[PDB]
Amino acid sequence: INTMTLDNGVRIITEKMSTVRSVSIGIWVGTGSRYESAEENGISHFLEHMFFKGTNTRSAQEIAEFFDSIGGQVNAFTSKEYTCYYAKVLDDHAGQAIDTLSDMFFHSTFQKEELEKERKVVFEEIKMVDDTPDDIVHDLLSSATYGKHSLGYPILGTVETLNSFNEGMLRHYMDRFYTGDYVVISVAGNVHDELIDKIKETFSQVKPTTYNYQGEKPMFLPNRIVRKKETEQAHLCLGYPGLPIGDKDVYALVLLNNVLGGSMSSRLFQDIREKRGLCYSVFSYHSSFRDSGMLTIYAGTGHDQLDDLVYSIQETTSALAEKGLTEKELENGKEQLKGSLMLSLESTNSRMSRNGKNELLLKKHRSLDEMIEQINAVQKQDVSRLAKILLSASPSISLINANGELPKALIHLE
Amino acid sequence: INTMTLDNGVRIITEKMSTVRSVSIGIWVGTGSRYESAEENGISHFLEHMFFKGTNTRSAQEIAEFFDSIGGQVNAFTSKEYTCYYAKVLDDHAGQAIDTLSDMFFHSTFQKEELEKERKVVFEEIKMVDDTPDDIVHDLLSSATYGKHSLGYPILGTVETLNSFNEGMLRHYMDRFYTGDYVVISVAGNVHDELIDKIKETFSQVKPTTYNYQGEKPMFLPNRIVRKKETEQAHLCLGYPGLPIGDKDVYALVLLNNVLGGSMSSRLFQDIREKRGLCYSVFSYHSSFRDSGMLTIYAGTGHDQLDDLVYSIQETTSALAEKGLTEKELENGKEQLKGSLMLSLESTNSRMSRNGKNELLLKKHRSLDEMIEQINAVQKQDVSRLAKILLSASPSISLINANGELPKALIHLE
Amino acid sequence: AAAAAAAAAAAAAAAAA
Amino acid sequence: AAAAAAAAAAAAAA
Ligand SMILES: [Co+2]
Ligand SMILES: [Co+2]
């Protein structure tokens, strides 16, 4: 996996694979909803949509027609600390793909006509995510956990902010963040130097980063958000403090989440679903940021069973935080992580994505063997000691149901 | 693509790839919701779930622990005309994967205790799709279109039906269809001869098909279903006539769907979202069965623009049907399908599911060059013709909105 | 990623997918 | 590693 830093700060990270005939391209920008400010919330995500509305030589439709003629495997996503524009094409079209992706990045034409239009689509996107209780519930959890911090902002923004949005705000923001220190180009697959130099030549145009971004650290609080909505199930989320991206004990958290509810053999899947038959869907995942991080559990059960679910989950998170892991579980976790990782080496997007994300959020490149060592290097008590620190805390809580009132999740009686 | 048959009737379809370590095993069975009868509606799916609830050798938990130790890349699903069980494992564990899958297929005990708790998870699974308006509305459409025929019955079945499923009903069903003529083991990737022998020696045990299923042929009814649900968006589904699985002009249908709402540059995407910004989501897809088939359109918009949205979708489909598609559009589609197909070849789970599904439903296979020719051979004449026949029919409507009443705009449509 | 399955447009019917 | 949160709702199109 080669890496390259141009003079403006832009980084080109590449990985060649002869076994394939395709190639994944990704333009990773180091900004997201976290870097926004009250008034400009959603700007990152709007900009990501607006990047497909048209350039000086390619209109919205022409952009669409191009990517469709090459398979149609192009997508964009905005997270809390990075944004992404990527595509997958056959070797003989990478050049063109880069030209189109490039022109969209640099020469976009934020026409008011097209922008007034796109603002409406994003408004639908918001309502749609709203009509998906099992999805919006995860967003509320971030709001209850961080309150007014930018990490508690919904990535799509609000109807208010969006209405304030215009070409001015877009460019003002794009100018500060879409610069040298924040841009990373990731290419994986059947890449030829030609293409790489094309990328080099093109992304030199990226202006050096001059803006010094000042970021405040977040405070985790066990607050609660509830929403009254007409549903069959009670959608529930519990948040526990996690670790920040850089943290050395990340592999420890990965394994700890795997045991919690990150797999079939996970405590939650077995205790809550397989044995109690309470939830069809119950799982856990972790979110790691620059300064903060957090472990999340999701569960959904029929209303009439909500109180029982909270207790059952409580029991599961206790015997884990208290007693810890077992030797069989620790290794099962490792076999899984190593196994999935090995299996992902067949997907170009998978490598492209991994590479660009680590280079962007770790400023580091981790080889296979290197990542594998880490997994194996994890001792059984590293996880246990971690589960004791993280899973003991008072969790933040998110909930959506019919009566719209919190259940009986304040006392420890059963 | 080597295809072989055992005496009991089960077919073994395999495909060796040369730049992969993994292997994808898939147990296909030609039965699903279509083959069920009112009273056993949901049995096909509920069965797929019990296959993971334990056998004599290994328990539900040991089953979860095994697949987790090998990437966790396992899964299973049920459709209207087929069920599927698959995994992706590094070759050195492919034998073990087959051993576990066999035990489940043959020696899976449906204990009273497990069958009880698992009935609940499906009750939760059912409520979960219920809370997802953009998902269940598609099923409500299948219902309107096929009235009381099995093609209209939900995959997950009803709650009254599940409430009676006992080990007797399961085995009775299973002992009918899970036989030679319906079984098809598909393998793709780092396929070793040793694994193929282990497969033949195992799936030879399956009993020959004595039962002779005799089914009715569905009939398209331009019916409409409307469910009132407290939502933000009005979710619309419009179905039209399609074509049977192995019909003469399937590829013309694929290309038609592509121009309709099957891609970024489709008439629907460009008219409804790109120019008006009425929906964030607007698309179409074809559903083809062995004797029937339908073309489906989907769109989510705010409760107000439901009238506006309807007239709009109306124009597009109207104009497409009457005026056809341009050669540029037809050529843009072929490039898309061809390129899409190419990029998929890289995936093992992709080749396995394709071969298994083809054998099981079409019985015929085509090399990549044979597939690319079929895509090329399609003429604008063909596609535009089809567009008139299919899109000039009265469509079926499934709608979910705040009031639960049909829109005024839902009238004129000839 | 690459690992492709074989689902439809909208109607859950799997283990946990 | 990978940073895949929960249910998707920040992609480009449907
Ligand atoms: Co299921
Ligand atoms: Co978006």
# chains A, B, ... in the order shown; residues from 1 in each chain; ligands from 1
>>> interface_residues(of="chain D", to="chain B", cutoff="10 Å", atoms="only C-alpha atoms", output="number ranges by chain")
D: 12-14
>>> interface_residues(of="chain A", to="chain C", cutoff="12 Å", atoms="only C-alpha atoms", output="MDAnalysis selection string")
chainID A and resid 20 22 24 73 87:88 262:264 269 273:274 279:283 340:341 343:354
>>> residues_near_ligand(ligand="ligand 2", cutoff="9 Å", atoms="only C-alpha atoms and all ligand atoms", output="PyMOL selection string")
(chain A and resi 45-46+48-49+76-78+121-122+125-126+155-156) or (chain B and resi 280) or (chain D and resi 9-13)
>>> select_by_dssp(residues="region 85-142 of chain B", states="alpha helix (DSSP H)", output="count of residues only")
42
>>> residues_around(residues="residue 307 (chain A)", least_positions_apart="4", cutoff="9 Å", atoms="only C-alpha atoms", output="PyMOL selection string")
chain A and resi 303+311-312+407-409
>>> residues_around(residues="region 59-72 of chain A", least_positions_apart="4", cutoff="7 Å", atoms="only C-alpha atoms", output="list in words")
residues 52, 53, 54, 55 and 89 of chain A; 264, 265, 332, 333, 335, 336, 337, 339 and 340 of chain B
>>> residues_around(residues="region 180-193 of chain A", least_positions_apart="4", cutoff="7 Å", atoms="only C-alpha atoms", output="number ranges by chain")
A: 8-18, 20-30, 91, 197, 206-209, 348, 351-352, 355-356, 360
>>> write_last_selection(atoms="N, CA, C and O atoms", output="compact mmCIF listing (two decimals), in the first residue's frame")
# COMPACT_ATOMS: atom_id res chain seq x y z
N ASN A 8 0.49 20.43 -1.51
CA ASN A 8 -0.63 21.14 -0.90
C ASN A 8 -1.13 20.41 0.34
O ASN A 8 -1.93 20.95 1.11
N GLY A 9 -0.65 19.19 0.54
CA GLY A 9 -1.06 18.43 1.71
C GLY A 9 -1.86 17.19 1.35
O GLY A 9 -1.94 16.24 2.12
N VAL A 10 -2.47 17.22 0.17
CA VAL A 10 -3.26 16.10 -0.31
C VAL A 10 -2.44 14.81 -0.27
O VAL A 10 -1.24 14.80 -0.55
N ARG A 11 -3.11 13.71 0.07
CA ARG A 11 -2.46 12.42 0.16
C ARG A 11 -3.07 11.41 -0.78
O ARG A 11 -4.29 11.31 -0.89
N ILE A 12 -2.21 10.68 -1.47
CA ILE A 12 -2.67 9.66 -2.39
C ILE A 12 -2.26 8.32 -1.81
O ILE A 12 -1.08 8.03 -1.68
N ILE A 13 -3.23 7.49 -1.44
CA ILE A 13 -2.90 6.19 -0.91
C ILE A 13 -3.38 5.15 -1.91
O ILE A 13 -4.56 5.12 -2.28
N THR A 14 -2.47 4.30 -2.37
CA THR A 14 -2.82 3.29 -3.36
C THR A 14 -2.49 1.86 -2.95
O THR A 14 -1.62 1.62 -2.11
N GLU A 15 -3.22 0.93 -3.55
CA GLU A 15 -3.01 -0.49 -3.32
C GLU A 15 -3.35 -1.24 -4.60
O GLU A 15 -4.51 -1.26 -5.02
N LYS A 16 -2.34 -1.85 -5.21
CA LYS A 16 -2.54 -2.61 -6.44
C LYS A 16 -2.89 -4.08 -6.20
O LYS A 16 -2.34 -4.73 -5.31
N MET A 17 -3.83 -4.58 -6.99
CA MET A 17 -4.28 -5.96 -6.89
C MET A 17 -4.37 -6.49 -8.31
O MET A 17 -5.20 -6.05 -9.09
N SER A 18 -3.51 -7.45 -8.65
CA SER A 18 -3.52 -8.00 -10.00
C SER A 18 -4.68 -8.95 -10.21
O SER A 18 -5.25 -9.03 -11.30
N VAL A 20 -7.63 -8.70 -9.55
CA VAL A 20 -8.87 -8.07 -10.01
C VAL A 20 -8.73 -7.36 -11.35
O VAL A 20 -7.63 -7.28 -11.91
N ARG A 21 -9.85 -6.87 -11.87
CA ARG A 21 -9.88 -6.16 -13.14
C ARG A 21 -10.60 -4.83 -12.92
O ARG A 21 -10.74 -4.02 -13.84
N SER A 22 -11.04 -4.62 -11.69
CA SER A 22 -11.76 -3.42 -11.31
C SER A 22 -10.87 -2.49 -10.52
O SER A 22 -9.69 -2.75 -10.32
N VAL A 23 -11.46 -1.39 -10.04
CA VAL A 23 -10.73 -0.42 -9.25
C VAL A 23 -11.68 0.52 -8.53
O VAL A 23 -12.59 1.09 -9.12
N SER A 24 -11.48 0.65 -7.22
CA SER A 24 -12.30 1.52 -6.40
C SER A 24 -11.58 2.84 -6.21
O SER A 24 -10.38 2.88 -5.91
N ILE A 25 -12.32 3.93 -6.40
CA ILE A 25 -11.75 5.25 -6.24
C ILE A 25 -12.53 5.92 -5.14
O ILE A 25 -13.75 5.80 -5.07
N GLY A 26 -11.83 6.63 -4.27
CA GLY A 26 -12.47 7.31 -3.18
C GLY A 26 -11.80 8.63 -2.90
O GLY A 26 -10.57 8.75 -2.90
N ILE A 27 -12.63 9.64 -2.68
CA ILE A 27 -12.16 10.98 -2.36
C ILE A 27 -12.65 11.15 -0.94
O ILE A 27 -13.82 11.41 -0.71
N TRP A 28 -11.75 10.96 0.00
CA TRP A 28 -12.09 11.10 1.41
C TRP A 28 -11.73 12.48 1.94
O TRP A 28 -10.57 12.88 1.94
N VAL A 29 -12.73 13.23 2.41
CA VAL A 29 -12.48 14.55 2.96
C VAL A 29 -12.68 14.48 4.46
O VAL A 29 -13.70 13.99 4.94
N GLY A 30 -11.70 14.98 5.19
CA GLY A 30 -11.75 14.92 6.64
C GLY A 30 -12.71 15.82 7.40
O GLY A 30 -12.37 16.32 8.47
N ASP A 91 -11.02 -1.37 -15.02
CA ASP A 91 -9.73 -0.79 -15.38
C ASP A 91 -9.75 0.22 -16.53
O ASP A 91 -9.20 1.32 -16.42
N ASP A 197 -0.64 9.01 -11.74
CA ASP A 197 -0.05 10.30 -12.08
C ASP A 197 -1.17 11.26 -12.48
O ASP A 197 -1.10 12.45 -12.19
N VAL A 206 -5.69 21.34 -5.50
CA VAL A 206 -6.24 21.52 -4.16
C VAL A 206 -5.44 22.59 -3.41
O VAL A 206 -4.22 22.47 -3.26
N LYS A 207 -6.12 23.63 -2.97
CA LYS A 207 -5.46 24.71 -2.24
C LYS A 207 -4.97 24.24 -0.87
O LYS A 207 -5.63 23.45 -0.19
N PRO A 208 -3.79 24.72 -0.45
CA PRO A 208 -3.22 24.34 0.85
C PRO A 208 -4.18 24.72 1.98
O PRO A 208 -4.89 25.72 1.89
N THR A 209 -4.19 23.94 3.05
CA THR A 209 -5.06 24.25 4.17
C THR A 209 -4.46 25.41 4.94
O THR A 209 -3.32 25.36 5.40
N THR A 348 -12.36 -4.73 -3.69
CA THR A 348 -11.55 -3.54 -3.89
C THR A 348 -12.11 -2.37 -3.08
O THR A 348 -11.35 -1.61 -2.49
N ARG A 351 -10.85 -2.64 0.47
CA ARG A 351 -9.49 -2.17 0.74
C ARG A 351 -9.42 -0.65 0.58
O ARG A 351 -8.90 0.07 1.44
N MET A 352 -9.94 -0.15 -0.54
CA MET A 352 -9.95 1.27 -0.81
C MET A 352 -10.51 1.99 0.41
O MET A 352 -9.88 2.88 0.96
N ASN A 355 -8.21 1.64 3.69
CA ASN A 355 -7.05 2.49 3.47
C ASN A 355 -7.33 3.98 3.66
O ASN A 355 -6.68 4.64 4.48
N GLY A 356 -8.27 4.51 2.90
CA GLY A 356 -8.60 5.91 2.99
C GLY A 356 -9.08 6.35 4.35
O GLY A 356 -8.79 7.47 4.79
N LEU A 360 -6.87 8.78 6.85
CA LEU A 360 -7.56 10.00 7.21
C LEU A 360 -7.74 10.13 8.72
O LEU A 360 -7.42 11.17 9.28
>>> atom_distance(atom1="CA of residue 395 (chain A)", atom2="CA of residue 238 (chain A)")
5.8 Å
>>> closest_residue(among="A:80, A:328, A:363, A:388", to="chain B", atoms="only C-alpha atoms")
A:328
>>> decode(residues="chain C", atoms="C-alpha atoms", output="tab-separated table (two decimals), in the first residue's frame")
chain	number	residue	atom	x	y	z
C	1	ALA	CA	-17.81	-4.60	-0.43
C	2	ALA	CA	-18.24	-7.50	-2.85
C	3	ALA	CA	-19.89	-10.42	-1.03
C	4	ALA	CA	-23.34	-10.23	-2.63
C	5	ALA	CA	-26.49	-12.02	-1.45
C	6	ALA	CA	-29.84	-12.32	-3.23
C	7	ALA	CA	-32.57	-10.19	-1.63
C	8	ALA	CA	-35.40	-8.19	-3.23
C	9	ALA	CA	-36.59	-4.59	-2.88
C	10	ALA	CA	-38.24	-4.51	0.56
C	11	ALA	CA	-39.31	-7.38	2.85
C	12	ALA	CA	-37.01	-8.76	5.57
C	13	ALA	CA	-36.82	-12.56	5.69
C	14	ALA	CA	-33.45	-13.66	7.05
C	15	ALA	CA	-31.57	-14.55	10.24
C	16	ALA	CA	-30.53	-10.96	10.98
C	17	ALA	CA	-30.38	-9.21	7.62
